[PDB]
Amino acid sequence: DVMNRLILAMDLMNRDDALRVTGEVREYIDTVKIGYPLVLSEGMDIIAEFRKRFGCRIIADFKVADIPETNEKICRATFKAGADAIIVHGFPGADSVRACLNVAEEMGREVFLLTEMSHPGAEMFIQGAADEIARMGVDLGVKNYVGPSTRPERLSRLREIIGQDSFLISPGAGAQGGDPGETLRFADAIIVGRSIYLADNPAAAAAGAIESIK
């Protein structure tokens, strides 16, 4: 369970701006998604910086998509840096997912399995594999999933596959055109990035998001 069903996608690329904006909306969220735009710009230490400053859960959105051996290394370094969870692509297959699950279990952290993506290009290859990727996750005991706000019927199908007990978060609301309300019919929380962090008043944008799903 995530505060206000709202996860901030902090994809600003310098620490001052990222910390300032996160500080502006800190009252509205307790979970922040940090990805490569911020990490590759400021270093992995930025994760510990967020956890200390905001007391928030951090999901490391690294879309892990390598062979098992390399996946293990990526997960180890990421959890060592303090991430509570890591997002892993399902498309590379079950061995690559299991590698991540092993490290997460060892270290007491979580894996989120990325099924279908929210952007148009997801239609080409990912969409056709997505139901089976979700099922693979279920079969392996994965409990956390990511699916697209921009395709409510796909999101609904993924929820059907993973069951009511699995945790499902969903990006694509706001900038990419997804609707928070519709999305939360199926997802437990929505991921929101630009529509908050590029807003003239990010606190107002966050409050507005929450208001509309009150």
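Residue numbers run from 1 along the displayed sequence.
For the two regions 200-208 and 17-25, the entry's Cα B-factors average higher over 200-208. Higher mean CA temperature factor between 177-185 and 59-67: 177-185, per the PDB entry. The deposited CA B-factor of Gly108 belongs to the highest third of values across its chain. The entry lists a Cα temperature factor for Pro148 that places it in the middle third of the chain's modelled residues. For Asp84, the recorded CA B-factor ranks within the lowest third of the chain. Only modelled residues enter the ranking. The deposited CA B-factor of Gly141 belongs to the highest third of values across its chain. Among all modelled residues in its chain, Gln164 ranks in the highest third by Cα B-factor.
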